[PDB]
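Engineer: Quick one, structure.pdb (PDB, C-alpha atoms):
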ATOM      1  CA  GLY A   1      95.477  37.591  36.139
ATOM      2  CA  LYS A   2      98.052  39.198  33.873
ATOM      3  CA  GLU A   3      99.596  37.726  30.719
ATOM      4  CA  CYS A   4     103.319  38.460  31.068
ATOM      5  CA  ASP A   5     105.358  39.052  27.953
ATOM      6  CA  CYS A   6     108.649  38.239  29.688
ATOM      7  CA  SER A   7     109.196  35.288  31.974
ATOM      8  CA  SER A   8     111.896  36.879  34.158
ATOM      9  CA  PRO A   9     112.306  40.437  35.499
ATOM     10  CA  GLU A  10     115.778  40.991  34.179
ATOM     11  CA  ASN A  11     114.649  40.751  30.553
ATOM     12  CA  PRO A  12     115.442  44.091  28.833
ATOM     13  CA  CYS A  13     112.422  43.693  26.571
ATOM     14  CA  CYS A  14     109.953  44.263  29.439
ATOM     15  CA  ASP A  15     109.491  46.616  32.344
ATOM     16  CA  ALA A  16     110.464  44.649  35.446
ATOM     17  CA  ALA A  17     107.619  46.461  37.332
ATOM     18  CA  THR A  18     104.991  45.072  34.996
ATOM     19  CA  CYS A  19     106.312  42.001  33.124
ATOM     20  CA  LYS A  20     105.010  43.591  29.917
ATOM     21  CA  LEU A  21     106.814  44.799  26.807
ATOM     22  CA  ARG A  22     108.644  48.101  26.765
ATOM     23  CA  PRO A  23     107.892  50.566  23.992
ATOM     24  CA  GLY A  24     109.706  49.348  20.896
ATOM     25  CA  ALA A  25     109.827  45.709  22.001
ATOM     26  CA  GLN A  26     107.821  43.272  19.847
ATOM     27  CA  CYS A  27     108.457  40.253  22.060
ATOM     28  CA  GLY A  28     110.483  39.038  25.035
ATOM     29  CA  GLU A  29     110.244  35.196  24.715
ATOM     30  CA  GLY A  30     110.240  32.548  22.056
ATOM     31  CA  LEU A  31     112.166  30.776  19.310
ATOM     32  CA  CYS A  32     111.111  33.554  16.929
ATOM     33  CA  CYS A  33     112.187  36.438  19.189
ATOM     34  CA  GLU A  34     115.707  37.926  19.152
ATOM     35  CA  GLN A  35     116.729  41.114  20.965
ATOM     36  CA  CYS A  36     113.069  41.921  21.539
ATOM     37  CA  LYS A  37     112.190  41.715  17.854
ATOM     38  CA  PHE A  38     110.392  39.149  15.764
ATOM     39  CA  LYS A  39     112.805  37.076  13.693
ATOM     40  CA  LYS A  40     112.564  37.453   9.957
ATOM     41  CA  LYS A  41     109.859  35.572   8.121
ATOM     42  CA  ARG A  42     110.907  32.007   7.117
ATOM     43  CA  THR A  43     113.794  31.831   9.587
ATOM     44  CA  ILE A  44     114.063  28.166  10.529
ATOM     45  CA  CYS A  45     113.064  27.735  14.189
ATOM     46  CA  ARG A  46     112.476  23.958  14.663
ATOM     47  CA  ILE A  47     114.555  21.178  13.173
ATOM     48  CA  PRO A  48     113.214  17.647  13.759
ATOM     49  CA  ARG A  49     115.309  14.583  13.317
ATOM     50  CA  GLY A  50     115.201  12.850  10.009
ATOM     51  CA  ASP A  51     113.519  13.859   6.799
ATOM     52  CA  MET A  52     110.601  15.724   8.430
ATOM     53  CA  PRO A  53     109.767  19.372   7.585
ATOM     54  CA  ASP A  54     111.366  22.110   9.620
ATOM     55  CA  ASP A  55     109.187  24.862  11.067
ATOM     56  CA  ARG A  56     109.790  28.528  10.397
ATOM     57  CA  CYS A  57     109.053  31.932  11.872
ATOM     58  CA  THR A  58     106.277  34.079  10.425
ATOM     59  CA  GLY A  59     107.972  37.461  10.855
ATOM     60  CA  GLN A  60     105.101  38.716  12.931
ATOM     61  CA  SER A  61     105.034  36.521  16.050
ATOM     62  CA  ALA A  62     107.471  35.164  18.622
ATOM     63  CA  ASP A  63     106.433  31.510  18.665
ATOM     64  CA  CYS A  64     107.642  28.848  16.262
ATOM     65  CA  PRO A  65     104.410  27.674  14.650
ATOM     66  CA  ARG A  66     103.723  24.780  12.326
ATOM     67  CA  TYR A  67     104.873  26.565   9.227
ATOM     68  CA  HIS A  68     106.994  24.846   6.635
TER      69      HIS A  68
END
Now that the file is in, can you turn its structure into structure tokens?

Structural biologist:
Amino acid sequence: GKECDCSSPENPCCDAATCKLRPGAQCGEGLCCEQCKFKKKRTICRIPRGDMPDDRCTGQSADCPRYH
């Protein structure tokens, strides 16, 4: 198999031939990806209801981990 970095072929962050990142793209998917770049560290990426901790981006990945 192949681990695609982009979920759809029109995504500018990947080559449509390969589904993998273009040179200069850090990411193509995720709550911590914007315009093919990782969002800044500590950007809030998940906001639960009520008085529960938000999660934040790490600056170095595209997911929104469990990071308060």

Engineer: Determine the residue membership of the PyMOL selection byres ((chain A and resi 59) around 10) for the file above and supply it as a list in words.

Structural biologist: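 So the PyMOL selection byres ((chain A and resi 59) around 10), applied here, picks out residues 32, 33, 37, 38, 39, 40, 41, 42, 43, 56, 57, 58, 60, 61, 62 and 63 of chain A.
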
Engineer: Which neighbours of range 7-16 of chain A fall inside 12 Å, counting all atoms listed in the file, when residues of the same chain fewer than 4 positions from it are skipped, and could you give them as a PyMOL selection string?

Structural biologist: chain A and resi 2-3+20-30+33-38

Engineer: Just to confirm, what's the straight-line distance from CA of residue 4 in chain A to CA of residue 18 in chain A in Å (one decimal)?

Structural biologist: 7.9 Å

Engineer: Please determine, counting all atoms listed in the file, which residue among A:66, A:46, A:17, A:53 has the shortest atom-to-atom distance to residue 31 in chain A.

Structural biologist: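 Checking each candidate against residue 31 in chain A, we get A:46 as the closest.
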
Engineer: If we count all atoms listed in the file and set the cut-off at 10 Å, which residues sit around residue 52 in chain A, ignoring sequence neighbours fewer than 4 positions away in its own chain? Please answer as a ChimeraX atom specification.

Structural biologist: /A:47-48,68

Engineer: Range 34-49 of chain A, all listed atoms, 6 Å padding on each side: what axis-aligned box centre and edge lengths in Å to one decimal come out, as JSON?

Structural biologist:
{"center_x": 113.3, "center_y": 28.3, "center_z": 14.3, "size_x": 18.9, "size_y": 39.3, "size_z": 26.4}
